[PDB]
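# Inside the fold
These are the residues of each chain, in order.
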Amino acid sequence: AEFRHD
Amino acid sequence: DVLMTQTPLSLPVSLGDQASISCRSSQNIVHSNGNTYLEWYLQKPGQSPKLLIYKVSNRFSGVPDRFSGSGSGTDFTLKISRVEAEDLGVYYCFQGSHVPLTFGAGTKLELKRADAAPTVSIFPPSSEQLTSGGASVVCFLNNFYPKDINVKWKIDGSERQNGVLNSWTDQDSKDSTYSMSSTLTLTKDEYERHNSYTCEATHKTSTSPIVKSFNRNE
Amino acid sequence: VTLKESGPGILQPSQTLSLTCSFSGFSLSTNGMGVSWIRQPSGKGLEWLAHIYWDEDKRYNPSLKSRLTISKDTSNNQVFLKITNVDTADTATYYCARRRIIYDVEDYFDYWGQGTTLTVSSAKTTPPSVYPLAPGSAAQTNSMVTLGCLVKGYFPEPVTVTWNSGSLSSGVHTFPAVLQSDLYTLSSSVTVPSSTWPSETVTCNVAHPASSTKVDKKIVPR
């Protein structure tokens, strides 16, 4: 998955 | 795993030149919130890295607009117009959209300079080291430009692949040259089984390889 | 805003590394705030390790997520990283950088520590062997003469080579150390007028802080 940015 | 692959890996520039650096990702890096987290970092020897660009084209506060970053999707560039001595160092591009977060192998922004042949010195093993088992033959190749060089070790005419140990200095800040030492490490026994030892250097400053030799029994 | 990494340099294969990052200039309770850890092998690239957020959320580099544990001490402005079962591969300089999110215009690694150093090895403290390198058994003289000195097989780093106790400082190249198995090795060249040597003695002075040794070698001819 993606890195959390919000 | 997004692989960031930068080009060139070394970039010689003259102070006040322009310089580009390409960085391409192994796959699209536009986060799902719409932001492309591409960033450029610069690291000087013994420093930590420091942030130049973020979100592809944004200068971080404190960065001269002579730095600019472009790109889209999977293909990105850093441009420095009018390079300065303080810009010399290593450049990493980074993506921060996918886990794991990743940087490039980095590009070395170095100084350009008039070519210069190396000063080669070959050194027979010291009776010290011989008394106590081993025979290392040392060779210094000093103060050359360009940085790229190739060294061959030759015993009695035959190339010798195994047991060589190299170390290069970083670019000299005063004379902009590079230096290196190459070391052939043998057993005393092996060393005594041959007479002549050659240290061979090919370098762009010459068509004919530079050679420094000696004979073991002299 | 500053950060400072601390921790043990040198562990042995399988031991546990506990690293500390002391920061200031910000607070890990600030909405959006976070620190992560990034390490870099000698003459190599940066590898990102793990990241911790203000809401205690965490995220690990998946190829290590297992040997890694990240944690904070909000009250005491600190961030810790633990790596279980280390090996030579974990030899590197470890940084902690700050990185906040929510607002994309602050979302980057703006501040990094000075970096702390780790060597993973099972070699034991070992003192160098020092060898004087005098020129070709019988060579042609001269104009300039180049003397050398070989520092072989030792652990850990560093050593410090000086020429004539620090007097002779010009014409000196001392090359980075490299590994022959367990043991580091480096060499130094020095250059002087063939009028100044051998008439006047040159000496190589290796000092190895870790192993509490000092060694002098005079470069006598032949």
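Under the PDB entry, the name given to chain C is 12B4 FAB antibody heavy chain, and the organism recorded is Mus musculus. For this structure, the PDB entry title reads "X-ray structure of amyloid beta peptide:antibody (Abeta1-7:12B4) complex".

Per the PDB entry, chain B carries the name 12B4 FAB antibody light chain and comes from Mus musculus.

### Overview of the interface of chain A and chain B
Contact with chain A, which involves five residues of that partner, is made by nine residues of chain B. When chain A packs against chain B, the two sides together hide about 600 Å² of surface, and 48% of this comes from carbon and sulfur. When the buried area of chain A at its contact with chain B is split by residue, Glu2, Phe3 and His5 of chain A rank highest and sum to 82% of it. Its residues assigned to classes, the side of chain A that touches chain B comprises two nonpolar, one polar and two charged.

### Considerations on the state of the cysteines
One way to say it: the disulfide is the covalent bond shared by the sulfur atoms of two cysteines. Under the counting rule described, the total for this entry stands at four disulfides over all chains. The disulfide partner of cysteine 23 of chain B is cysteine 93 of chain B, and the gap between their sulfur atoms is 2.1 Å. Because the sign of the S-S torsion sets the handedness, a value of about 70 degrees for the bond joining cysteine 23 of chain B and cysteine 93 of chain B places this disulfide among the right-handed ones. Taken as a pair, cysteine 23 of chain B in strand 3 (residues 19-25) and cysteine 93 of chain B in strand 9 (residues 89-95) lie far apart in primary sequence, 70 residues in all. What makes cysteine 93 of chain B buried here is its relative accessible area of 0%. Paired through a disulfide, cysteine 149 of chain C and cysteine 204 of chain C show a sulfur-sulfur distance of 2.1 Å. In this structure the cystine formed by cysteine 149 of chain C and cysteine 204 of chain C twists about its S-S bond by roughly -60 degrees; its chirality is therefore left-handed. Taken as a pair, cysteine 149 of chain C in strand 11 (residues 144-154) and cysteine 204 of chain C in strand 16 (residues 203-208) lie far apart in primary sequence, 55 residues in all.

### Brief notes about the pattern of salt bridges
Tallying each qualifying case throughout the model produces 20 salt bridges over all chains. Each of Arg66, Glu84, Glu86 and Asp87 of chain B takes part in a single network of salt bridges with overlapping partners.

### Section: the nonpolar core
If you look at the biggest cluster of nonpolar residues, it comprises 47 residues, and the most contacted ones within it are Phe109 and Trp112 of chain C. Among the elements that line this core, the one with the most residues is strand 9 of chain B, at five residues. The contact partners of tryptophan 112 of chain C, leaving out residues within four places of it in the chain, are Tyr41, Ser48, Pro49 and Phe103 of chain B together with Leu3, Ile38, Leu46, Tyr95, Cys96 and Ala97 of chain C. In terms of nonpolar packing, the next biggest core, distinct from the first, is built from 27 residues, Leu11, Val35, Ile70 and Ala92 of chain C among them.

### Regarding the domain arrangement of chain B
All names here are of chain B. In terms of domains, chain B is made up of domain 1 (1-113) and domain 2 (115-214). One C-alpha centre belongs to domain 1, the other to domain 2, and the line joining them spans 36 Å. Counting residues at the interface gives seven residues for domain 1, matched by ten residues for domain 2. Carbon and sulfur atoms supply 35% of the area buried between domain 1 and domain 2, which totals about 700 Å² over both sides.

### Observations concerning the pairing of strand 2 (residues 17-24) of chain C
Sheet topology note: the strand 1 (residues 2-6) of chain C/strand 2 of chain C ladder contains five bridges and is antiparallel. Directly across from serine 6 of chain C, in strand 2 of chain C, lies its bridge partner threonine 20 of chain C.

### What to know about the pairing of strand 13 (residues 134-144) of chain B
Residue and element names in this part refer to chain B. Buried residues dominate strand 13, accounting for ten of its eleven residues. Sheet topology note: the strand 12 (residues 119-123)/strand 13 ladder contains five bridges and is antiparallel. Bridge pairing in strand 13 links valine 120 to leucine 141.

Cut-offs used in this document
- Every chain here is numbered from 1 following its written sequence, a scheme that can differ from the numbering in the entry; residues without coordinates are not drawn.
- Think of it this way: whatever chain is written first is A, whatever ligand is written first is 1, and the rest follow in order.
- Side-chain numbers here rest on the full set of heavy atoms in the structure, without hydrogens or water.
- Any two residues whose heavy atoms approach within 4.5 Å are treated as being in contact.
- Here the buried area means the combined drop in accessible surface, using a 1.4 Å probe, for two parts upon being joined, counting both sides.
- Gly is placed with the polar residues, together with every amino acid not listed as nonpolar (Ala, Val, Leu, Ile, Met, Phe, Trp, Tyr, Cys and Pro) or charged (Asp, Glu, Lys and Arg).
- Two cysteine sulfur atoms make up a disulfide if the distance between them is within 2.5 Å.
- Note on conventions: DSSP H or I runs of at least 4 residues are helices, E runs of at least 2 residues are strands, and numbering of each starts at the N terminus.
- Whether a residue is buried, partly exposed or exposed follows from its accessible area with a 1.4 Å probe, protein chains only, as a fraction of its type maximum: under 20%, in between, or over 50%, in that order.
- Throughout this description, the term salt bridge denotes a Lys or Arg side-chain nitrogen within 4 Å of a carboxyl oxygen of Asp or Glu.
- Nonpolar cores are built from buried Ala, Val, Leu, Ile, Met, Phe, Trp, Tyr and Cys residues. Side-chain atoms within 4.5 Å join them into one set.
- Reported domain spans reflect what an automatic or database domain assignment gives.
- Here the rule is simple: two strands pair whenever DSSP picks up at least two bridges between them.

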